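Numbers here simply count residues along the sequence, with the first being 1.
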Amino acid sequence: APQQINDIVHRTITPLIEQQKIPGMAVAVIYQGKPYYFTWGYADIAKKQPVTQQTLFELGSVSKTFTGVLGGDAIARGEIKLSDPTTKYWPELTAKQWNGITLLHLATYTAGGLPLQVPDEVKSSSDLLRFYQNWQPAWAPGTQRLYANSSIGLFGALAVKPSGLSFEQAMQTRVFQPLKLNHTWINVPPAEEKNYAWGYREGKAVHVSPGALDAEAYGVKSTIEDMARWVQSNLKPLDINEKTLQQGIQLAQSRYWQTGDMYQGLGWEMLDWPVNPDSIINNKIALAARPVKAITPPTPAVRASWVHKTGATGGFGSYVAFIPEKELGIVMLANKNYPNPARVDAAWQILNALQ
């Protein structure tokens, strides 16, 4: 890397690793449309396997950015509309609380208080129907935002219904393959297991457990190289040859709702750039319910934004942020779930220095 990039990254990340006791970390900086990679420590402590540019990390809730873009691509294809009732794609969802709940509400966590987690007891398609049928909203649709796997997860599942494809096949064919993300997986193949980092929770090696709507909400594993490519694709969607994918990326960075200084996209969240970390900061909170104002109609992707998404699984902590107007971005992947504020601080320190 240019020494400036080398220096800010190492001087920021080394102390972070030390203070958070992170076993293994990979970082990519995207600078004027080129990636620079950095790696530290261990993918597998017991087997002494180092983190490399090929190591797979669990993305946790950064997976939702892929779901949002896949949804955008389905909109661009004319397969679904965000204004469509949920019941259009799930006619068995007959309970009257669903009247007025649209795909937009599911995608943006504004359906009226869908829970953070789909319960463990929910496995089958029958169990899932019963869960959503029995759910009672605290609020009218489109009044409050409550971050929820059960919300964008259902959006993901319904968005692919018209295609006839499984969610995984849709994601592979319509997003991973066109973008050449050849080492990004919803299910890690046996051939790739050599590269799959262990996550660490209280010193114990752990991988994410299967769950209902996992693929849609938190199911992606990827390398630092592919995630750099994902950030490039989201920085510069006009470089993408596939027309509906190009439009889908754009739709996912549209601003649909505002709360405080933040705007909700599809998966992606955005603030106006410039911004300081304390406002970006503003999972220690298990549940934060926030009133939202509708942006009517949605503002197309603003180039002067800090666009970002935090992710966690039991054993992993990921962070991605980019600023389109500066052609600048960062991906931080770690095999420990360490505090979100420390991620934003480090990312901002790096990006502010290169900006």
Side-chain angles (χ1 to χ4, degrees), residues 12-28 38-47 49-51 55-67 109 115-118 120 146-150 152-153 184-186 188 195-211 213-224 226-227 230 267-269 277 280-281 283-288 308-321 330-350:
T12 302
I13 302 295
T14 290
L16 178 69
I17 291 169
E18 262 147 30
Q19 275 91 108
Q20 309 292 342
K21 298 171 163 207
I22 292 162
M25 184 150 194
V27 168
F38 305 85
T39 70
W40 300 258
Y42 286 88
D44 179 334
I45 296 173
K47 295 191 177 178
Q49 303 291 305
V51 176
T55 298
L56 298 158
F57 293 80
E58 294 173 1
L59 299 186
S61 154
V62 169
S63 304
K64 294 172 172 64
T65 67
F66 292 95
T67 302
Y109 323 115
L116 178 58
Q117 298 129 141
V118 174
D120 299 13
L146 183 68
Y147 177 77
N149 293 316
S150 68
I152 191 166
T184 299
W185 314 104
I186 285 162
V188 178
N195 283 311
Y196 189 8
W198 281 97
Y200 291 88
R201 185 180 174 171
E202 293 185 272
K204 173 178 166 171
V206 296
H207 283 149
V208 63
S209 293
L213 296 178
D214 56 1
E216 295 86 349
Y218 55 91
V220 182
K221 301 89 192 182
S222 193
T223 67
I224 197 60
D226 279 8
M227 289 305 296
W230 180 234
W268 291 116
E269 297 165 22
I280 298 160
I281 292 156
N283 290 40
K284 174 94 152 133
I285 298 95
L287 173 164
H308 75 157
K309 196 69 183 93
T310 55
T313 58
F316 288 82
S318 66
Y319 186 71
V320 179
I330 188 176
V331 185
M332 298 160 57
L333 308 180
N335 58 351
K336 183 176 182 186
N337 177 14
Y338 68 96
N340 275 341
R343 308 176 203 180
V344 168
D345 200 331
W348 189 88
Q349 288 290 340
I350 291 161

### Task
Show the numbers, then the answer: is there a side chain to side chain contact (heavy atoms under 4.5 Å, CB included) between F38 and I13?
CA-CA 10 Å; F38 305 85; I13 302 295; over 6 Å; no
#### Entry: Stepwise side chain to side chain contact (heavy atoms under 4.5 Å, CB included) check, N149 with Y218
CA-CA 8 Å; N149 293 316; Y218 55 91; 4.1 Å; yes
Looking at side-chain heavy atoms only, is the closest gap between [X] and [Y] below 4.5 Å?
X: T313; Y: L59; value: no
X: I186; Y: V220; value: yes
X: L146; Y: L287; value: yes
X: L116; Y: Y147; value: yes
X: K221; Y: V208; value: yes

### Message
What's the separation between atom CE in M332 and atom CZ in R343, rounded to the nearest 0.5 Å?
### Response
8.0 Å
## Note on the structure
In this structure, CD of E269 is separated from OG1 of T310 (nearest 0.5 Å) by 6.5 Å
Backbone N/O of [Y] and side chain of [X]: donor-acceptor pair under 3.5 Å:
X: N335; Y: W198; value: yes
X: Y200; Y: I45; value: yes
X: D226; Y: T184; value: yes

### Task
Could you check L16 against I22 for side chain to side chain contact (heavy atoms under 4.5 Å, CB included), going step by step and ending with a plain yes or no?
CA-CA 8 Å; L16 178 69; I22 292 162; 4.3 Å; yes
### Message
Apply side chain to side chain contact (heavy atoms under 4.5 Å, CB included) to residues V62 and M227 and explain how you reach the verdict.
### Response
CA-CA 10 Å; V62 169; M227 289 305 296; 3.9 Å; yes
### Query
Do you see a donor-acceptor pair shorter than 3.5 Å between the side chains of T65 and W230?
yes
### Query
Taking the six-membered ring for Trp, are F316 and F57 parallel (under 30°), tilted (30 to 60°) or perpendicular (over 60°)?
perpendicular
[X] [atom1]: over 12 foreign heavy atoms closer than 6.0 Å:
X: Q19; atom1: CD; answer: yes
X: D214; atom1: CG; answer: yes
X: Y42; atom1: OH; answer: no

### Evaluation steps, side-chain hydrogen bond (donor to acceptor under 3.5 Å, both in side chains), between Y109 and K64
CA-CA 12 Å; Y109 323 115; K64 294 172 172 64; 5.6 Å; no
### Message
Could you check whether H308 and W268 have their ring centres less than 6.0 Å apart?
### Response
no
